[PDB]
Amino acid sequence: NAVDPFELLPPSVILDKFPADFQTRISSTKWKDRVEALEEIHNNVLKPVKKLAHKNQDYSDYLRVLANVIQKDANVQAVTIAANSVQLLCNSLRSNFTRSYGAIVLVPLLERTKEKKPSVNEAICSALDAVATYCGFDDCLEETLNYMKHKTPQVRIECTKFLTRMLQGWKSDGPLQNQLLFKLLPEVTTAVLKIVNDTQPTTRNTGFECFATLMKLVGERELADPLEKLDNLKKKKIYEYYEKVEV
Amino acid sequence: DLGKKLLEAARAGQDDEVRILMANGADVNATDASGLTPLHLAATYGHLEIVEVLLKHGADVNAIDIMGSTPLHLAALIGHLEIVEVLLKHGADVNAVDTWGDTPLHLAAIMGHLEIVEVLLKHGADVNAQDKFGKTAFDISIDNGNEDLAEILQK
Amino acid sequence: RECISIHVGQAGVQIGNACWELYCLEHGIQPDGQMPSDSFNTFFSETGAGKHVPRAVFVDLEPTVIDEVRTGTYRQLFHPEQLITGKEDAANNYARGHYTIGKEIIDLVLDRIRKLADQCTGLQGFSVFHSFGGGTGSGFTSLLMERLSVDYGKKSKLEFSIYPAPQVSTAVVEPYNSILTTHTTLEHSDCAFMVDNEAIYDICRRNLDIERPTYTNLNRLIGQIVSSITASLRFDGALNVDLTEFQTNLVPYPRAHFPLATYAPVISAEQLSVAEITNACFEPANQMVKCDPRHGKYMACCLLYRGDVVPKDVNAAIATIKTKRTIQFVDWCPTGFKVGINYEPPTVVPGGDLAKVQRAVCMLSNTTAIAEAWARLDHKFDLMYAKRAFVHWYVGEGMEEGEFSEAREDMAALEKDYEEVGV
Amino acid sequence: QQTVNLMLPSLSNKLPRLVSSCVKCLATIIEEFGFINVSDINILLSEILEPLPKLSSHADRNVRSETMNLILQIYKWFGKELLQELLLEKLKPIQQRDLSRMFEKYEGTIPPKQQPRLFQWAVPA
Amino acid sequence: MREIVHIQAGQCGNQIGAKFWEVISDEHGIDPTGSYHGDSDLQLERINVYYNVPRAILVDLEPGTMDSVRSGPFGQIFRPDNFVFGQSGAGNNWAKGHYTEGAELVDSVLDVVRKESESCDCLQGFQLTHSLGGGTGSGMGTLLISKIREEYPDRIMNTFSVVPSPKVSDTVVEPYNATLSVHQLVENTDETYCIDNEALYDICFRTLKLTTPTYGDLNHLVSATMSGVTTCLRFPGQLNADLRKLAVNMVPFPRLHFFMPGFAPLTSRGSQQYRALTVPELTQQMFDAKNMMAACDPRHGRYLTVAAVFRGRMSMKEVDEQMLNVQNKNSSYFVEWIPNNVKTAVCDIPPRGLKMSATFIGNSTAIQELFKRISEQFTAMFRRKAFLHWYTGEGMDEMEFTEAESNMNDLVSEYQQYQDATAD
Ligand SMILES: Nc1nc2c(ncn2[C@@H]2O[C@H](COP(=O)(O)OP(=O)(O)OP(=O)(O)O)[C@@H](O)[C@H]2O)c(=O)[nH]1
Ligand SMILES: Nc1nc2c(ncn2[C@@H]2O[C@H](COP(=O)(O)OP(=O)(O)O)[C@@H](O)[C@H]2O)c(=O)[nH]1
Ligand SMILES: [Mg+2]
Ligand SMILES: [Mg+2]
């Protein structure tokens with residue numbers, strides 16, 4: 001007995017909804033112009049709907065201006081309401097963000113994990129979770145690693161927590177020649193150890209989960225090689241999470 | 001609603017447009033969401049002519065809101081000495097209490113409005129009045145290192 | 001601040017004619033729309049050519065009545081897109097007005113309302129004129145009111161219901177239709193002035209001295225009393241200057257929003273004092289709804305005088321009645337009688353059986369005795385629904401039988417709501 | 001599906017007693033057979049759910065009454081989370097109450113364990 | 001709700017049908033050529049209802065009836081296309097009219113019905129005149145009704161069905177035919193005026209003192225009744241204006257839609273009357289069972305709903321008083337659980353040859369007496385199984401008779417239930 005996708009429900013189109021005074025309001029110098037412009041389409045145009053139009057709808061003009069703010073916009077509020085827009089698209093339009101869409105917002109989002117305001121990290125991470133659950137691990141696996149290597153302490157801990165989030169919901173079943181194994185020891189492990197051996201404890205402690213969520217996926221015997229090279233003292237922290245963690 | 005426009009004006013402080021709205025018979029004691037009359041709002045933000053205009057048109061000088069705040073509370077909190085004496089002259093409740101147990105004397109003492117403290121005191125403020133936690137205006141001066149206020153409270 | 005009026009069914013439409021006839025005489029507006037002469041533009045808009053058009057929609061599921069509008073004295077006054085007609089009427093069936101026929105035209109009607117609301121800048125709300133017992137008046141209105149609570153939800157809506165009366169009653173099922181609309185229109189109406197056609201009949205037989213009144217007779221009397229209530233909105237008085245104030249002054253409970261209107265004086269065309277007319281406001285014979293306020297508690301009370309009136313005479317007549325009668329109020333009321341005056345004289349129609357009076361008054365009072373009127377409908381309803389009589393007509397036009405009971409419980413609950421306030 | 005797909009258009013006919021009836025007939029080709037060996041069930045569910053709003057607001061008492069039965073026979077097989085997302089929301093509140101009252105009186109697993117009637121190939125199987 | 005399509009089927013159908021067109025053509029001021037020679041706007045205000053020329057379709061398996069209509073007075077006015085006639089006759093066999101011969105022709109009729117409906121601004125419904133003891137008027141009429149009911153389900157179906165009586169034809173199969181036809185009407189029509197030949201004879205014989213009434217004599221009473229009940233429909237007026245509103249305020253339970261009509265004053269064929277009756281006199285021809293067109297005693301049952309139509313110039317004040325009087329002075333005869341169940345309407349244009357008149361349409365439970373008579377005659381006939389081979393030979397099943405018998409008895413029981421009902 002197979003199940004249904006409830007997604008069969010007819011789709012809705014939002015392109016006609018946008019107003020003429022939208023592009024200039026988002027591309028304005030006055031912060032409240034931008035905020036209201038974004039906030040309007042979120043509360044009026046996206047939040048109501050429950051399924052966007054798959055057929056013949058190009059959002060990669062709208063999505064690249066959400067990225068422009070999420071990355072560069074100095075107003076943390078305009079970021080927050082934008083990443084919640086990005087999530088809504090990726091959520092109400094599942095199976096759309098194959099590359100052009102997903103990749104247009106991916107590396108901007110990972111840059112902005114730098115934000116430490118709880119509400120904002122909430123919105124950015126949850127949107128990263130959206131682009132992941134419908135594009136995992138297309139571009140994110142590689143680019144997530146890149147930003148674990150980044151200089152800002154916050155982006156390290158948050159992009160590593162991201163790999164942890166993704167890894168718990170990592171999916172089967174090809175052969176064991178998925179993108180995770182092709183780059184497992186070469187890249188994933190070499191980069192997770194950089195987190196495990198960070199100067200900060202709160203950083204290191206994210207690596208300890210992100211390594212014990214890794215062993216859970218790919219066998220505590222396969223990775224016993226870099227386990228030995230690790231401190232006996234760090235080892236029992238890694239094992240601590242291994243015993244609690246589920247994927 | 002004409003009672004809601006009179007709140008917008010009395011708050012933001014457009015002295016002239018109060019007279020316009022009141023000449024259209026607006027409710028002088030119109031309540032907003034949280035029970036705040038225009039007299040509350042003008043007394044918070046220091047619009048002396050708007051206070052005296054509303055009072056002489058029959059504004060409830062001792063009106064409370066959803067939290068038991070009278071306009072004299074809010075004037076003594078923010079520190080509007082001009083308005084405090086206008087309210088008191090129009091029969092304000094010098095020893096009014098709000099939901100947290102504070103009197104206007106509590107708020108003027110906490111915010112360091114020594115000039116308003118003395119005015120309230122001379123209108124028969126309760127110096128020994130306590131709040132929820134059990135603290136008087138005198139305890140606040142002891143707790144807040146304000147020897148200038150301790151002397152003004154025992155005068 | 002431009003109020004839009006809506007007229008549903010023959011009752012609304014034909015009372016509408018009487019009111020806009022009377023509005024145009026009070027404002028010196030011509031049948032062709034011109035004016036040789038602001039506060040009155042609450043109700044009328046203006047053409048570039050100096051023509052004053054009502055802010056009104058006329059609706060009927062059948063041409064006949066609205067056809068006479070647009071081939072009559074005031075055919076030029078309305079834009080033709082304002083007068084909307086279907087073809088099959090509701091046939092005294094709320095179900096057809098609300099479900100079967102009403103859904104075929106509701107969207108056209110809501111669209112034509114948007115065109116009048118788009119011309120308006122600071123729209124206040126809606127005045128709605130309709131019968132109770134009529135199928136269109138009950139069913140379609142209640143539908144339109146539901147949809148106006150969506151498309152204009154954040155603003156006021158006022159009812160002018162025609163309470164049914166066997167002396168002019170066209171249908172057996174008018175109790176059903178009354179209950180059904182009052183249930184579904186209860187949540188969507190902010191205030192509602194009932195008009196008992198029996199009282200208007202009684203008044204016209206006694207004070208206008210007519211043996212068998214016609215509908216024209218009833219309208220002239222009703223339109224006079226409607227004008228008295230809307231005078232504050234059309235001439236910029238002091239009291240009830242906008243639609244919110246009606247709820248502020250008269251409605252101290254969302255559900256209990258049914259004021260009793262009393263109008264004096266009604267003088268045949270074949271002068272009284274300020275005191276004499278104010279005493280007649282507490283005489284049941286001149287009420288618009290037949291009940292006994294002496295058996296009930298007042299939640300509020302407004303007096304709308306108009307004409308040759310001295311503000312001191314009013315205060316004397318008030319003190320007289322506040323001292324020399326026992327008008328019981330509820331304890332949680334401001335027990336102050338609100339007043340407003342408009343010095344312009346009551347206009348009558350040239351030819352009317354109603355005479356021009358020097359001064360006049362219309363007392364709006366939310367008394368609990370108006371529950372008596374709901375009891376009379378509820379009883380008639382109960383007798384027929386006990387046998388499920390005529391119910392197949394409704395159920396066969398898209399209506400669930402349960403809706404009858406859900407409505408009856410809402411009327412029983414309303415009768416309890418009136419009781420608990422008055423004890 | 002092929003039988004269902006052919007007799008669906010008749011729901012949109014003038015005569016009520018025909019749509020009254022052939023909604024009863026649709027509902028009992030389901031309660032006795034059911035959806036099995038159906039290529040694209042999603043496409044089929046959409047095609048038979050599409051008219052159910054209008055049918056449930058149809059003038060005829062019978063057309064309505066016999067549409068709540070067809071609703072139940074779809075719930076009786078994969079309801080109610082799905083039908084409340086797709087169809088319960090749109091019906092009169094009184095209606096969706098009766099449908100819930102109808103689901104309580106229903107006992108037995110969410111998809112029926114055994115069909116009251118089997119197909120051609122299925123019976124020998 | 002404007003136009004009404006009229007149908008007449010069978011001999012009786014076209015007889016009382018043509019008589020009806022004679023009466024209301026005069027009343028509306030139309031001549032046999034089809035031209036207005038009236039003198040009042042109250043006449044052409046709602047002429048669009050029955051006319052375009054009548055909106056009338058003429059039907060019979062008996063081809064002779066064709067000529068009996070056209071050779072009549074207003075026979076020239078009817079549209080030639082709207083005559084639809086068979087080769088042979090049904091010969092008092094309901095099955096021949098409903099299943100065999102009448103069914104073969106019914107398509108041709110529906111084609112004309114469609115044609116006349118096609119060019120209607122807004123149809124109200126239909127109007128069929130026919131007899132129930134016949135083969136064509138009953139069998140093909142009821143089959144026509146169902147065939148329209150399913151082709152036009154958003155419309156009213158209104159019949160003037162005349163009941164057979166031994167006093168007018170000694171044919172014993174009529175109880176069969178009328179029972180089978182009532183089994184149809186209770187399921188297929190919104191309202192049915194029960195014209196009883198038993199009562200038409202008893203009025204022509206006893207009240208009008210005619211020793212041998214002819215069809216023409218009975219048809220005079222009918223045509224005058226029909227113009228009376230259709231007065232609301234044909235002239236401007238507030239109350240009971242269109243067919244649906246009438247049925248809404250007349251029929252509280254779908255199966256109990258058989259009205260007992262009656263009107264006043266009862267006149268002979270072209271006789272002279274004294275001083276126009278007074279309003280209280282007219283009013284006192286309601287319970288007066290000698291004015292009922294159905295052979296039933298209103299005293300023996302209860303009125304569910306009543307419609308009164310007063311025609312002529314008179315005091316609206318006095319009519320209201322007299323009707324409000326007669327209701328409460330006989331309060332035990334009007335059902336209590338339907339308040340304001342009696343409705344009165346006035347039309348200023350009186351009928352032809354009378355200064356005042358009053359028609360009394362009533363849904364009285366006493367009508368069960370009528371269905372009792374038909375059923376007892378049916379059962380007496382059916383228990384001995386007489387003449388069944390006629391019906392069965394035409395494809396009918398013996399079971400049908402049992403179902404129609406039982407279904408009419410359920411109809412009688414229902415009337416008896418609401419008669420004994422209480423408000424308490
Ligand atoms: N006072 C007054 N009452 C009226 C007027 N017109 C109708 N009524 C009353 O309204 C009630 C219902 O009649 P209508 O309003 O005409 O019915 P409707 O709204 O047109 O609905 P349908 O005709 O069934 O489609 C009746 O009881 C009448 O007595 C009027 O012009 N003035
Ligand atoms: N009142 C009246 N009754 C008739 C007339 N002609 C026939 N009947 C009755 O109708 C029944 C016979 O049916 P009929 O209409 O003649 O047969 P059809 O031609 O097959 O419909 C008997 O009960 C007759 O008494 C008529 O002109 N007037
Ligand atoms: Mg009407
Ligand atoms: Mg014949």
# chains A, B, ... in the order shown; residues from 1 in each chain; ligands from 1
>>> residues_near_ligand(ligand="ligand 1", cutoff="7 Å", atoms="only C-alpha atoms and all ligand atoms", output="ChimeraX atom specification")
/C:8-12,14-15,60-62,89-93,130-138,162,164-165,168-170,197,215-216,218-219,222
>>> interface_residues(of="chain E", to="chain D", cutoff="8 Å", atoms="only C-alpha atoms", output="ChimeraX atom specification")
/E:150-151,153
>>> residues_around(residues="region 163-173 of chain A", least_positions_apart="6", cutoff="7 Å", atoms="only C-alpha atoms", output="compact mmCIF listing (two decimals) with N, CA and C atoms, in the first residue's frame")
# COMPACT_ATOMS: atom_id res chain seq x y z
N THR A 144 28.62 24.09 2.27
CA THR A 144 28.56 24.07 3.73
C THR A 144 29.94 23.83 4.33
N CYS A 210 28.65 16.92 15.60
CA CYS A 210 28.71 16.76 14.15
C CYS A 210 29.66 15.65 13.73
N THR A 213 27.24 12.47 15.05
CA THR A 213 26.20 12.28 14.06
C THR A 213 26.76 11.72 12.76
N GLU A 246 20.61 10.51 17.11
CA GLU A 246 19.86 9.71 16.16
C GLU A 246 19.80 10.43 14.82
N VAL A 247 19.81 9.65 13.75
CA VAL A 247 19.78 10.18 12.40
C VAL A 247 18.57 9.64 11.65
>>> interface_residues(of="chain D", to="chain A", cutoff="10 Å", atoms="only C-alpha atoms", output="VMD selection string")
chain D and resid 36 41 to 43 45 to 46 50 78 81 to 83 85 to 86 111
>>> write_last_selection(atoms="C-alpha atoms", output="compact mmCIF listing (two decimals), in the first residue's frame")
# COMPACT_ATOMS: atom_id res chain seq x y z
CA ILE D 36 -6.23 -1.04 -6.13
CA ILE D 41 -4.35 7.31 -8.02
CA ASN D 42 -3.41 10.97 -7.41
CA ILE D 43 -4.83 11.93 -10.82
CA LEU D 45 -8.57 11.32 -6.56
CA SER D 46 -8.32 14.86 -7.91
CA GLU D 50 -13.14 18.19 -7.96
CA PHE D 78 -7.76 7.24 3.35
CA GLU D 81 -6.28 14.09 7.32
CA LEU D 82 -6.43 14.25 3.51
CA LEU D 83 -10.09 15.25 3.08
CA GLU D 85 -6.96 19.56 3.73
CA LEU D 86 -8.76 19.18 0.38
CA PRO D 111 -7.80 1.34 5.02
>>> interface_residues(of="chain B", to="chain C", cutoff="8 Å", atoms="only C-alpha atoms", output="list in words")
residues 1, 24 and 25 of chain B
>>> write_last_selection(atoms="N, CA, C and O atoms", output="compact mmCIF listing (two decimals), in the first residue's frame")
# COMPACT_ATOMS: atom_id res chain seq x y z
N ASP B 1 -13.87 56.23 13.75
CA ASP B 1 -14.10 56.54 15.15
C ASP B 1 -13.41 57.85 15.52
O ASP B 1 -12.19 57.98 15.37
N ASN B 24 -15.74 68.56 16.88
CA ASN B 24 -16.58 67.55 16.26
C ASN B 24 -17.15 66.57 17.28
O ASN B 24 -17.62 65.49 16.90
N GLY B 25 -17.12 66.92 18.56
CA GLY B 25 -17.72 66.09 19.60
C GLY B 25 -17.01 64.78 19.86
O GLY B 25 -17.68 63.76 20.11
>>> residues_near_ligand(ligand="ligand 2", cutoff="7 Å", atoms="only C-alpha atoms and all ligand atoms", output="PyMOL selection string")
chain E and resi 9-13+15-16+60+62+90-92+130-138+162-165+168-169+174+197+215-216+218-219
